[PDB]
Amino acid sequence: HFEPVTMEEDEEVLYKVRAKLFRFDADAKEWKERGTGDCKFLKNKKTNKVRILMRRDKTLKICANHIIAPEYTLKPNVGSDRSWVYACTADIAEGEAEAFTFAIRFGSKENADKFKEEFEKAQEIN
């Protein structure tokens, strides 16, 4: 006998899509990029609650993390047929819970539509 020499593990991926996320700066009246990367709907194995979790390419820093609350509503943006706008009341990407008016844009109108589906599926789930 010779002797020889993220906090996502508890969750499940329902939807994954590449997108760009924007944060509306009310005071400055303009949209500001927050991140580009994979947007994931994650289902907790114990609670069965679903959240959006989005990370930036390369640095992998979190740019979105919040429940797909059943009250939220996806609205179109005047300048895009491939984006949704919606209010968010508790996002914890940069620290303590904060509220935002988010916009999320996808590579194609059909990606945007399918996201809307999964978004509302997950809404029912919760």
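Residue indices: 1-based, along the sequence shown.
Compare the other PDB entries of this protein and indicate whether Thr6 is left unmodelled in at least a third of them. In at least a third of the comparable entries (those modelling both sides of it), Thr6 has no coordinates.
Residues with no coordinates between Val5 and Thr6 in the deposited sequence, how many: none, 1 to 3, 4 to 9, or 10 or more? Missing in between: 4 to 9 residues.
Should the higher mean CA B-factor in the entry be assigned to 80-88 or to 44-52? The recorded data point to 44-52.
Select between 11-19 and 100-108 the stretch whose C-alpha atoms have the higher average B-factor in the entry. The stretch with the larger mean CA B-factor is 11-19.
If I read the C-alpha B-factors straight from the PDB entry, which of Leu60, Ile68, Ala26, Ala64 is highest? Within the set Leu60, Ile68, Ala26, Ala64, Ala26 shows the top C-alpha B-factor.
By its CA B factor, does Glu33 count among the lowest, middle or highest third of the modelled residues in the chain? Its C-alpha B-factor, which the entry lists for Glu33, ranks in the lowest third among residues of this chain.
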